[PDB]
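J.: Every number in the entry's author numbering is 147 more than the matching position in the sequence shown, counting from 1.
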Amino acid sequence: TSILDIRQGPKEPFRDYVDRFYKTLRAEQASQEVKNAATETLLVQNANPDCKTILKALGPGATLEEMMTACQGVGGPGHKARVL
């Protein structure tokens, strides 16, 4: 029931990931250093690796739209041969 549980699933869309992130955040919006703790940085940090890279390129203060746009860009399943 922690924000950690909020991760960027493989088959899970970024939207669902954000919903969870914001769901847990609002579940107990608080931390030992919320100020120092950049929520956005948490989502990105708690986000996949590639997304992290894409988010890194994004900017130190991208918008949800930009975050979702980059996430949507992230690679994935793109072929016939059923992925492992």
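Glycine included, each C-beta is placed from N, C-alpha and C at the ideal position.
1) Please go through the segment 168-223 and give each complete beta strand (DSSP E) segment of 3 or more residues, from N-terminal end onward.
2) From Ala-184, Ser-178, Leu-190 and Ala-177, pick the residue whose C-alpha is nearest to that of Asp-152; which is it?
3) Among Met-215, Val-230, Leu-231 and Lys-227, whose alpha-carbon lies nearest the alpha-carbon of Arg-162?
4) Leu-231: buried (16+ other C-beta within 10 angstroms of its C-beta) or exposed?
T.: Inspection of the coordinates gives the following:
1) none
2) Walking along the sequence shown from the start, residue 152 turns up at place 5. The option with the nearest alpha carbon to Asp-152 is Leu-190.
3) Counted from its first residue, the sequence shown places residue 162 at position 15. Ranking the options by Cα distance to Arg-162, first place goes to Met-215.
4) Position 84 of the sequence shown, counted from the first residue, corresponds to residue 231. Counting Cβ neighbours within 10 Å, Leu-231 comes out exposed, since fewer than 16 surround it.
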